[PDB]
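Summary of structural features
Each chain is listed here by its residues.
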Amino acid sequence: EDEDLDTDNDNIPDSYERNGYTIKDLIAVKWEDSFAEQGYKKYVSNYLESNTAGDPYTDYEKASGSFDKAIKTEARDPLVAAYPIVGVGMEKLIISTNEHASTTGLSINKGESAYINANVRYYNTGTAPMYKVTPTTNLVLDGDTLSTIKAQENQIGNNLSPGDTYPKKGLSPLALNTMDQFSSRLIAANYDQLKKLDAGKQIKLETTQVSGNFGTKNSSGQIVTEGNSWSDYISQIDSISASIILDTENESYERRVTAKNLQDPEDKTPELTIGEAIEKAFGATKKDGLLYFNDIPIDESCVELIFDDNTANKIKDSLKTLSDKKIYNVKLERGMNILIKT
Amino acid sequence: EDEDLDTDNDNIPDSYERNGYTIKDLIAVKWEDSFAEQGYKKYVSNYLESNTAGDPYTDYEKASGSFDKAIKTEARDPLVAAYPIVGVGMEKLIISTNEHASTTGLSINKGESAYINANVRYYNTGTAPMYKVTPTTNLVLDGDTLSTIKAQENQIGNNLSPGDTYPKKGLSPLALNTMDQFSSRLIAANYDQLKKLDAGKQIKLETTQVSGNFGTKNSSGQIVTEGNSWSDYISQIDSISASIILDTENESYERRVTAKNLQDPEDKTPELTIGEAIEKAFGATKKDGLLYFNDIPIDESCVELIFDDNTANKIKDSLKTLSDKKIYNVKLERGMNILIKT
Amino acid sequence: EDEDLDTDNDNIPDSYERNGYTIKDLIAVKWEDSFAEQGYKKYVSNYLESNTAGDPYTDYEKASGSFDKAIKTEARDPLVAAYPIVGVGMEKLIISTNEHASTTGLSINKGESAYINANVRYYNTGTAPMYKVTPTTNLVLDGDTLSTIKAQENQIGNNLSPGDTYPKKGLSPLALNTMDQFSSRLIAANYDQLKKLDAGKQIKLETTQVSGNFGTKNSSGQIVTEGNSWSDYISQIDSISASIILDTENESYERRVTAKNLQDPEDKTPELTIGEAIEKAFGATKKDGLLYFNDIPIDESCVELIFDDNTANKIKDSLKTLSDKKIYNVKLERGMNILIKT
Amino acid sequence: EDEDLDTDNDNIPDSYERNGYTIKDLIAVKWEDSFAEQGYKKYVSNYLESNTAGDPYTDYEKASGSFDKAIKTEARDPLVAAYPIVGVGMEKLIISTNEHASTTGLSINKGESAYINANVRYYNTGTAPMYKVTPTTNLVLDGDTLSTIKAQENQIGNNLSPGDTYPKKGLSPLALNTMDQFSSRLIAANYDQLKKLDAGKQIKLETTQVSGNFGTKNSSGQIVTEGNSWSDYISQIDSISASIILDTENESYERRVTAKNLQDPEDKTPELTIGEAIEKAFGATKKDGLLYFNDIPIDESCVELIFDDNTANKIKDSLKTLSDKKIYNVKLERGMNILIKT
Amino acid sequence: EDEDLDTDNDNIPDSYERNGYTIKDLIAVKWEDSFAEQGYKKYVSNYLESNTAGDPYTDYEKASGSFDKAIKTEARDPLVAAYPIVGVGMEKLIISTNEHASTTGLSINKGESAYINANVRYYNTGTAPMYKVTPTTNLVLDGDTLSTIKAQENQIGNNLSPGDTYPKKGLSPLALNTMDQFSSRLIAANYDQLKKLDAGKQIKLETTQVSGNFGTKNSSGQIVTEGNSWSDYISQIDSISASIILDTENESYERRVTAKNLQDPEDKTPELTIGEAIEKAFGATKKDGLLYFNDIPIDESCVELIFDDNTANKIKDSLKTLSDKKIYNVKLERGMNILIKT
């Protein structure tokens, strides 16, 4: 009954955070099943923790709506993890060749003769914005693993809205050829690697890491992104949560949802199943008693649940005890990943 | 009746911010319909929020007039959004070619032989000033997507008054050729791209982002623009508001006006219609019971409401229920845009 | 009667700042018409504002004289605005040509062959000093709009007294050829622009902006110019005040004085007319019941009041209702400008 | 009688600072004419000001002797101004010519062929030390106004005692050729300006400004010169005081002494006359009832009081009313200057 | 009798600092002549000053022994001044000449052809250490006054013990050829100055100034040398003290001892005599009723008191009134200097 006693100092009780609860007028309301039709929802969380997943907001601050505005409405639930991830796309790699007087002809230096140039474009898929992007990307020549570069002081960009490109849709890509104000590097073994680049235009561009920022909110301390860094939360998140990826023919989505280790006798997060988790992640609800999208179904005759080895072997080891034989009705796995092709 | 009880600690009551209200002698006055003729106006705002739109001032601070002086009088209302946006214009791109001894002639380096130079000019259209401008702009060569640059330490400029150019009217434009004190880059493939520049002078300049500052005001802490940054508010604003653009033959204006999501049962901003919102944005009032400008009519036989697809399809999907058939009398769409040609 | 009740916390009452007042022995004295002959003057200001013009000093602190000492005695009145503006003059542009072995002769590089050099001199005309000057200036070649530069670390200068040059009168000008420790730039298209400079010595120098500092004063916090900046007050000032320029055959003057918008029901600055405003700006008083200078008459038979379009059209639109037909006796215009030739 | 009531919070009374006073045992003693023979002196100052002249110390702090020790004993009186000024002397300008293979001979670059070098030496004449000197000096070629330079990071120097040189007497001068670690500049138009330097060795060196620091003293906060800049007091001083220059055939002296504007009805500094002020500045006293030096007479048969125009015209305009006809017995002029040649 | 009343807040009484006193167990003991044989000594100081000499420690803190440990035992007395001074010695100047292809031979650049290199060594003679040394030294070519340089970041050094070299005895000297990571400068007029260096190896190395640090001591704020600078105490010291230089055939010492001006009626330091001051500076005592060194007599038949002009003329001007005719028994001179050759 909790007797209105808090154990975390997170302004929320611990039977409220044990049974179902929701939030009205910035005050913890207990629960009644009536106001589900009113438009409200239900939440459960960790009554012993100041913040369930790793993400830097507390349980009440994520559940109310006084944390940000730009973050999508799915992230107001304490099970999901409000954190973004950005991908870099490449095109139009151009070159300039043979520095002095050619396209050897006695005045072509085997180093520093053909400078490189690439065009890229960032895009964010996830749940949150990042008010700065510094990605480090590297280039590879069909298995030769050539130079790596940081974003310099003029390709850093700025705030990155959810589901958007870095140049907003209808603009030309971003140019890249620098190593701190130094035109970058010859495709190295000159009369060899340029002739590899003759019929072997396989300059592949990979991303390794990005770094960004977020924002905290007060009244007097209004909004600051000066030192709030995102590079020291991914290790906290990914060693707890599991990953869920959905994709249509025109969009993509990735989410990180938490779980529980069964061996630890002192974890107090609620249990889950993946048929509840795909509902809890997105805006997907039930349209005929089974899980549907905004306009699409997601059911067993419509899923293409493409697993991998660490997920498939554990589900094939644990799909023997139950008799209902439902893949959606299994306990989560701390570290798993799931693909929903459609 | 609210019993003089504040719920946000924003020095304003919550029936005052629920019904109509205005501000006299820096004190919240309730409302009387008499003094509209006196010169006063009416306001309404969000009784649960410390700041209605995303912009960094509060409800009372925007409604009174003790926030700035340079901001135009339309922004003193808590529904509009006091934030600016700057455009860059280009002209007069000049070149210097063929470095050593020509206009190949055996001494023309295939990289770094024709340095580029552009002339630019900023302008601000919106509602607010920005006390610093760092725009990042890129150049594109009829679909070749060439280099991008930040404004250096000597092209940054200074305070930018609303509706003005960066060099005030009657001055020459700005020169641009730098990559941190390095003359920029050859039009890359020398004997190819210069001959593309022979008959193909299509060096298009595009803007990608800008960054600036604003100003907070105290008595002892008078005016500071040292750390107040504008790059961490656009993501908060644009994921809430809608956009409205007006343009005559000699000027242009763009505004951001807020709205409400109907599915969210804990939003407490008032509702709107676009026929009220075009009046609420500008200094436009009614001159014959219908909306007029300073000296211009803006009515259904004079508007050119040129939509786009996401606005036109939703208004054509929701123009079936009502019987009056008025495009001005519809609920707003959180994310829509509107062009009003004249 | 005000009952000695302050509404701004600016240590001055609000019938004192409503009727006339003056200041004796650092105490607000009410007003009496007797001691005008004594040497005292009269002031009136905004009883609802902590600083009635934009300038960073308060009403009392500007009215007393415990703010600075180098500021001219006209600025002790709350109607005028104590802020300076500096103009740069150019002369003696010299060159150095044709870098390797000439005055083409086969060893002249089409970029980087003739470095430029200009001589400049600052001066201040206005009401205040500026303890640092960083002007950004650009050069133009008969409508070609060439490079722009910031004052470097060795050409910034120092404190700049009112009505003085930057090198005090009787010294040679300043030399300018830098782009951060890099001899400047060739007059670009070498064998073209040097031959334009043959008979076309039209290198015009233009100013775009300056930046400086000011000084606040305490006893324990004596005088600091390290954090104070002037680039965040001009937008506040110029969107309020009007401008007045006077010039004899040997000097020049420009001032910024305030006004009121008539539509706003909650502004509380007193009214004005230009016939009292030219008196209130300068040290000009009446010598025969009409406005005279230090030794010069300034009256309708001596003025050459050269307007512009926004001033002339409004004065010819509003010079119909009155019957006295006096241009000096009109309400001010918020944004106007006035030249007084003599 | 002042009733021991202070009006400035400067620990000194206000009839004490109205009549004569002096300071014994760090306590304000009133005045009695007996102890003038004891070795004491008399002072009078501004009972409404925390510091009379611009200089950063207060009235009591200058009158006692607990402010510094290196400042000369004339400055312990609240009428004089304790501030220094430094002059730069030039000699021995040397050159290095014709960079590649000469003293044109087909390999002499018309820019950057003959680097310059000058020898300088600072000296201070005035009343105070400066613990750092950064002078900006420029060079001129018989009316061509060549480059200007700041003192770099290794020609700054250190503390500068009053009446001394920067290298103490018996050392070689300072070498100067840098523009931030870059050998300076060719005497520009090479085959022209070197031949101007053939018979026209007229490289004149001029000073424009200097910058330095001073020292404040506490017990716990002992002595700091970190931020106490001198560049923000000269504008306060020179718009109040007048200047007095004395010179023998082996030394020089310059001082700044305060005054009063007669039109201002609320200034409260004492009056003066120049025959009192020349005694009040220096250690000069009366040896036969008339002003003498340490060993020299300064009287009407010994002065060579060389005025300028703004001093001569005002003294010839105001030497008519009095009947005694004494130039020493006139009221001071706020802005005047005086040369006492001997 | 002083009634145990302090006037400076320096924890010491003011008859104790008026008569003789000594410090036992960190408590001010009054005096009695008995404990002179015990090993104790006598001190007297300025009862009106918080620190009698210029040096940054107080009277009590210098008299006790709780200030530092590396400072020599002579400096524990408030008459002497604990500050060091460092001399630079030079040897082994080497060269590297004629850069391209020679020892003119058509390929010797008249600038930048023979880089210079010197060997230096610091030493300290005085009373204190300095935990950092940055000396600026200049070079002169037989009266041509060549370049000057600061010690760079790799030649600064570290803590410098009293009476030691900078490399401790038995190490090679320091190499010097830099102007901020730039091999320094040709001996300028190449084919002239190298031939001056043929038979004219007169590269004299002079020192001009140094800069260093010191150390303050607390328990919680244990030892800091971060901002404690020595460049702002020499002007305070040298305008008060006189200088005394002693030298054997194998060592040298210099000291700065305070004095008193007679014309100032409010100085309160005790008087001195030079025969007492030579004893009070060093560890010299009396061995036969006359002053002896550690093992050396220093008396009138052993001194070689080599004066200079300002000392000799004043002692020959004031050696007439007294009848005993003793040069050791004269009042000190504020500004004098004294050499004791032995």
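Reading guide: rules and limits
Residues numbered from 1 in each chain as written, not as in the entry; some residues may be left out. Chains lettered and ligands numbered in written order. Part of a larger assembly, values for the part shown. Heavy atoms only, no water. Helix = DSSP H or I, 4+ residues; strand = E, 2+ residues; numbered from the N terminus. Buried < 20%, exposed > 50% of the residue type's maximum accessible area, 1.4 Å probe, protein only. Areas by Shrake-Rupley, 256 points an atom, 1.4 Å probe, with all protein chains shown as cover. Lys, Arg positive; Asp, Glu negative; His and termini not counted. Charge placed at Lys NZ, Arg CZ, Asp CG, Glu CD. Contact = heavy atoms within 4.5 Å. Buried area = accessible area lost by both parts, 1.4 Å probe. Salt bridge = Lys/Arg side-chain N within 4 Å of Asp/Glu carboxyl O. Polar contact = N/O pair within 3.5 Å; in protein donor to acceptor, adjacent residues only side chain to side chain. Core = buried A, V, L, I, M, F, W, Y, C linked by side-chain atoms within 4.5 Å. Nonpolar A, V, L, I, M, F, W, Y, C, P; charged D, E, K, R; others polar. Pairing = 2+ DSSP bridges. Axes fitted to C-alpha atoms, helices over the stretch in contact; angles between N-to-C directions. Patch = residues over 30% accessible without salt bridge, like charges linked within 9 Å, V, L, I, M, F, W, Y side chains within 5 Å. Arc of directions from axis to C-beta.

- Looking at the entry header, you'll see cryo-EM listed as the method and 4.2 Å as the resolution.

**Topic: the overall build of chain A**
- Counting its secondary structure elements, chain A contains five helices and 16 strands.
- If one aligns the C-alpha atoms of chain A with their principal axes, the spans along those axes are about 90 × 55 × 40 Å.
- Sorting the 342 residues of chain A into buried and exposed places 45% on the buried side.
- On chain A, roughly 18200 Å² of surface is accessible, and the fraction owed to carbon and sulfur atoms is 49%.
- Distance from the positive charge centre (37 side chains) to the negative charge centre (54 side chains) of chain A: 5 Å.

**Observations regarding the interface of chain C and chain B**
- Listed per partner, the contact involves 41 residues of chain C and 41 residues of chain B.
- Between chain C and chain B, the buried area comes to about 3500 Å², and carbon and sulfur atoms account for 46% of it.
- Taken together, chain C and chain B are joined by one salt bridge.
- For B:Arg76, the salt bridge is made with C:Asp264, and the minimal N-O distance between the two is 3.6 Å.
- The tally of links between chain C and chain B comes to 11 residue pairs in polar contact.
- Where the side of chain C that touches chain B is concerned, the elements lending two or more residues are β5 (134–141), β6 (148–150), β8 (203–211) and α3 (234–238) of chain C.

**Side note on the side chain of E:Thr137**
All names here are of chain E.
- If you trace the backbone, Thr137 turns up in strand β5 (residues 134–141).
- The exposure class of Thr137 is buried, given its relative accessible area of 8%.
- Looking at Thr137, its side chain comes within polar contact range of the main-chain oxygen of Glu206, at 2.6 Å.
- Sequence-distant contacts of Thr137, that is, excluding residues within four places in its chain, are made with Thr148, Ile149, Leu176, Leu205, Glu206 and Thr207.

**Quick word on the nonpolar core**
Residues and elements named next belong to chain E.
- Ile71 and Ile187 are the most contacted members of the largest nonpolar core, which has 37 residues in total.
- For this core, the secondary structure elements donating two or more residues are β3 (86–96), β4 (115–124), β5, β7 (174–176), α2 (190–199) and β8 (203–211).
- It is β4 that provides the largest number of residues to this core, a total of four residues.
- If sequence neighbours within four positions are ignored, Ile187 has contacts with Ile95, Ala114, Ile116, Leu141, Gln193, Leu194 and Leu197.

**Here's the deal with the interface of chain C and chain D**
- At the junction of the two partners, chain C supplies 42 residues and chain D supplies 41 residues.
- With both sides pooled, the region where chain C packs onto chain D buries about 3600 Å², and carbon together with sulfur makes up 45% of that total.
- If you look at where chain C meets chain D, you find one salt bridge.
- If you look at where chain C meets chain D, you find 11 residue pairs in polar contact.
- Secondary structure elements with two or more residues in the side of chain C that touches chain D: β1 (22–24) and β3 (86–96) of chain C.
- Taken together, the residues that form the side of chain C that touches chain D break down as 13 nonpolar, 21 polar and eight charged.

**Focus: the arrangement of the chains**
- The two units chain A and chain D are non-contacting; their minimal C-alpha-C-alpha distance is 21 Å.
- Separated in space, chain B and chain D share no contact, their closest pair of C-alpha atoms being 15 Å apart.

**Quick word on the sheet that holds strand β5 (residues 134–141) of chain D**
Residue and element names in this part refer to chain D.
- Strand order across the open sheet formed by three strands is β6-β5-β8, with antiparallel pairing between neighbours. Each of the sheet's edge strands pairs with one partner strand only, and the pair in question is β6 (148–150) and β8 (203–211). Direction aside, the axes of adjacent strands within the sheet are offset by 20° on average.

**Brief notes about the side chain of B:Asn190**
All names here are of chain B.
- Tracing the sequence through the fold places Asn190 in helix α2 (residues 190–199).
- For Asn190, a relative accessible area of 5% puts it in the buried group.
- Among the polar contacts listed, one links the side chain of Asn190 to the side chain of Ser113, at a separation of 2.3 Å.
- Ignoring anything within four residues of it in the chain, the contact list for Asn190 reads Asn98, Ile108, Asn109, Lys110, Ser113 and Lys195.

**Considering a negative patch on the surface**
- A surface patch of like charges, here negative, comprises A:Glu153, A:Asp180, B:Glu153, B:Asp180, C:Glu153, C:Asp180, D:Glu153, D:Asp180, E:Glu153 and E:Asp180.
- Here E:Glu153 is to be found in the loop between β6 (148–150) and β7.
- Relative accessible area serves as the criterion here: at 64%, E:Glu153 is assigned to the exposed category.

**Points about the pattern of salt bridges**
- Scanning all chains against the criterion turns up 43 salt bridges over all chains.
- With a shortest N-O distance of 3.6 Å, B:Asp144 and B:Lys196 are connected by a salt bridge. In this pair, B:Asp144 is assigned in the loop between β5 (134–141) and β6 (148–150) and B:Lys196 in helix α2, connecting sequence segments 52 residues apart.
- Accessibility expressed as a relative area gives 28% for B:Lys196, which makes it partly exposed.
- Measuring nitrogen to oxygen at the nearest pair gives 3.3 Å for the salt bridge that ties D:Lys260 to D:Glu271. Separated by 11 residues along the polypeptide, D:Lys260 in the loop between β12 (252–257) and α4 (274–281) and D:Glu271 in the loop between β12 and α4 bring together distant segments of the chain.
- A relative accessible area of 16% places D:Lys260 in the buried class.
- Judged by its relative accessible area of 43%, D:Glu271 falls in the partly exposed class.

**Description of the sheet that holds strand β11 (residues 242–247) of chain C**
All names here are of chain C.
- Strand order in the open sheet formed by four strands is β12-β11-β16-β15, with mixed pairing between adjacent strands. Whereas interior strands pair on both sides, the edge strands pair on one side only; in this sheet they are β12 (252–257) and β15 (304–306). The average angle at which neighbouring strand axes cross in this sheet is 20°, direction not considered.
- Of the pairings in the sheet, the one linking β11 to β12 comprises six bridges and is antiparallel in character. In the strand pairing of β12, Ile245 is matched with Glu254.

**Re α2(B)**
- Listing the buried residues of α2(B) in full gives B:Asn190, B:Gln193, B:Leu194 and B:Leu197. For α2(B), the arc enclosing every buried residue in end-on projection is 100°, short of the 170-degree limit, so these residues lie on one face. Relative to its buried face, α2(B) has exposed residues pointing more than 90 degrees away, namely B:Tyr191, B:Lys195, B:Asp198 and B:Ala199.
- Here the buried face of α2(B) lies against β3 (86–96) of chain A together with β3 (86–96), β5 and β8 (203–211) of chain B.

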